[PDB]
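In the deposited numbering, the protein residues as written are 2 to 392.
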Ligand SMILES: [Mn+2]
Ligand SMILES: [Mn+2]
Ligand SMILES: [Mn+2]
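In structure tokens:
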């Protein structure tokens, strides 16, 4: 093998400007990193700059360098959608025709009618809200009537809240499984159904750790599956295991924050393993992109950048570091959805003694999967073109 270990980092939602097909999505003008850089009066990301981020595209505070540490380019998304699962599934070698939906005005009556029809229970709420907001508003009615609080977020989720004393936990799980089946329908396709049991009294409701998630498996066997099947290590960090519903995963490390994500990445650098360590840094998307908070987003990017030199110091000659994103989520864009954008790609190993060069633009995110597959000698994905030989 050319590399013994590949460290793949998804900066979640960290897009590098509108894609050629942005108009279809209402995403003309979208530029996640660029708009953040303008807001910050210049982003301070010296380590990403050293890797060649400015060589992909110059932005405020982000300039090109003469000798980038590694190779650089951007990637274009080929799949129909701009959601979490589409982006990640494409990265690991798939092509996804059918996009996962978001519901800023709640779910269609048809879906909620069938859920009522199958459960014999009333549904209340039906809007995007935080757990705290929806329980403050509807928690008491839920307790008193035995109704189900159905809500969503800015992402592709259907969430069902019920008080543990009123709706038995096991009944809530059964209901969520029904909802999971009903939402395997391209009109109502949600990435994730989430059980949100809660306890307490009016004015003091808390969501319990009895939360359960109901995800869909990727629409195909991924490069992760192939790695696992060939007895390679596949270490998933953060939301990665959940995004792939555990498919191809050999170890999963939960994280609480971006900084904690970088700590677990460091933990994997300290592990003897052969295969893939795969990190998702989700805060960019979950805290700042959807909340349209360019200041928080900018600060988060600077906090992440400052962590990189330790990663650089720990990389071995036979290690490869890959840094990319899965879509955009421009914090100055209208609405609360993701934006259809190119994503950066940086590929660095200390064995690149002469530094890196520009790679041809990646025509699908699956080029990452193809590169991983070729490196480890496992079955090549149906989609994607490896850039391994270019490194
Ligand atoms: Mn838009
Ligand atoms: Mn994402
Ligand atoms: Mn998101």
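For each residue, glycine too, the CB sits at the ideal point set by N, CA and C.
Start-to-end residues for the beta strand (DSSP E) that takes in residue i
i           : result
residue 287 : Here residue 287 belongs to no beta strand (DSSP E), and DSSP marks it neither H nor E.
residue 8   : 6 to 12
residue 129 : 124 to 129
residue 76  : 72 to 76
residue 280 : 276 to 282
residue 151 : 149 to 153
residue 158 : 158 to 164
Burial state of residue i (16 or more Cβ within 10 Å)
i           : result
residue 267 : exposed
residue 162 : buried
residue 272 : exposed
residue 183 : buried
residue 362 : exposed
residue 185 : exposed
residue 193 : buried
residue 414 : Any question about residue 414 goes unanswered here, given that the chain covers just 2 to 392.
residue 205 : exposed
residue 375 : buried
residue 19  : buried
Proximity test, residue i beta-carbon vs ligand 1 heavy atom, cut-off 7 angstroms
i           : result
residue 340 : yes
residue 108 : no
residue 334 : yes
residue 53  : no
residue 329 : no
residue 31  : yes
residue 28  : yes
Residue i versus residue j - alpha carbon distance
i           : j           : result
residue 312 : residue 124 : 49 angstroms
residue 228 : residue 201 : 45 angstroms
residue 144 : residue 160 : 17 angstroms
residue 358 : residue 282 : 26 angstroms
residue 326 : residue 106 : 27 angstroms
residue 92  : residue 367 : 4 angstroms
residue 232 : residue 239 : 22 angstroms
residue 40  : residue 117 : 46 angstroms
residue 347 : residue 149 : 46 angstroms
residue 58  : residue 300 : 20 angstroms
residue 51  : residue 15  : 18 angstroms
residue 371 : residue 76  : 13 angstroms
residue 196 : residue 151 : 10 angstroms
residue 133 : residue 391 : 50 angstroms
residue 54  : residue 63  : 7 angstroms
residue 279 : residue 235 : 7 angstroms
residue 364 : residue 386 : 8 angstroms
residue 265 : residue 256 : 8 angstroms
residue 275 : residue 128 : 45 angstroms
residue 165 : residue 199 : 6 angstroms
residue 90  : residue 110 : 30 angstroms
residue 139 : residue 146 : 11 angstroms
residue 1   : residue 262 : No answer is possible for residue 1: it lies beyond the span of the chain, which begins at 2 and ends at 392.
residue 73  : residue 66  : 12 angstroms
residue 241 : residue 113 : 30 angstroms
residue 245 : residue 218 : 6 angstroms
residue 260 : residue 269 : 14 angstroms
residue 102 : residue 155 : 10 angstroms
residue 141 : residue 120 : 21 angstroms
residue 354 : residue 320 : 13 angstroms
Contact test: residue i Cβ vs ligand 2 heavy atom, cutoff 7 angstroms
i           : result
residue 258 : no
residue 102 : no
residue 88  : yes
residue 358 : no
residue 85  : yes
Contact test: residue i Cβ vs ligand 3 heavy atom, cutoff 7 angstroms
i           : result
residue 160 : no
residue 291 : yes
residue 14  : yes
residue 286 : yes
residue 155 : yes
Bounding residues of the alpha helix (DSSP H) (the contiguous stretch that carries residue i)
i           : result
residue 373 : 367 to 377
residue 51  : 47 to 52
residue 23  : Element bounds for residue 23: n/a, residue is neither H nor E.
residue 17  : Counting along the chain, residue 17 falls outside any alpha helix (DSSP H), and DSSP gives it neither H nor E.
residue 33  : 33 to 40
residue 364 : From DSSP, residue 364 is part of no alpha helix (DSSP H); its letter is neither H nor E.
residue 138 : 132 to 146
Kindly provide the ranges of any beta strand (DSSP E) runs that are 3 or more residues long and lie completely inside the segment 204 to 262, ordered along the chain. Qualifying beta strand (DSSP E) stretches, in chain order: 205 to 208, 213 to 216, 234 to 238 and 252 to 254.
What runs of the beta strand (DSSP E), each 3 residues or longer, lie entirely inside the segment 179 to 206? Those beta strand (DSSP E) runs which fall completely within the segment 179 to 206 and span 3+ residues are 193 to 202.
If we require 3 or more residues per run, which beta strand (DSSP E) segments fall completely within the segment 314 to 350? Counting only runs of 3 or more, we get 320 to 325 and 344 to 349.
Extract the residue ranges of the alpha helix (DSSP H) inside the segment 67 to 119, only unbroken runs of 4 or more that lie entirely within it. Note on the segment 67 to 119: whole alpha helix (DSSP H) runs with a minimum of 4 residues are 85 to 92, in chain order.
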